[PDB]
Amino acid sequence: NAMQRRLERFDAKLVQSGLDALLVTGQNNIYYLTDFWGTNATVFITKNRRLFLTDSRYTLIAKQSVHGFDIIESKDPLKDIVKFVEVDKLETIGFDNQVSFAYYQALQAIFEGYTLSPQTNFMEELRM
């Protein structure tokens, strides 16, 4: 119930920011919203879902530790997120602007046809 309103702040911030979704990379950020600490999770939150994406190794760990999150076994998490975006018909995907430009180039390829929206410190307030 305590984390439940970091997750509810998150939702409100999505509305305020004009985003259908936010891709969250960074263990710190992932730790904040999930209580899972580790270096191979991706999070993808929309107005309606919360996805936690990891490999076959951390699925049980994560499947037990992480609450409020639909856990997805995945070895290409951006490929798996793309299905969601399509099925849910989302348009604007936020990402953290501290990603590298090379990483942004990978997002432009994977998400070609959608609007990528760079975010400044979105997670920063939530982390406060």
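Note that residue numbering follows the sequence shown and begins at 1.
Checklist line | 27-35 or 76-84, whichever carries the higher mean Cα B-factor | finding: Looking at the recorded C-alpha B-factors, 27-35 comes out higher on average.
Notebook entry, point to check: On average, are the C-alpha B-factors higher in 98-106 or in 46-54?
Noted result: Result: 46-54.
Check: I71: which third of its chain by C-alpha temperature factor?
Finding: Highest third of the chain for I71's C-alpha B-factor.
Next item on the list: Can you work out whether the C-alpha temperature factor of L90 puts it in the lowest, middle or highest third of the chain?
Entry: As the PDB entry reports it, the C-alpha B-factor of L90 lands in the middle third of its chain.
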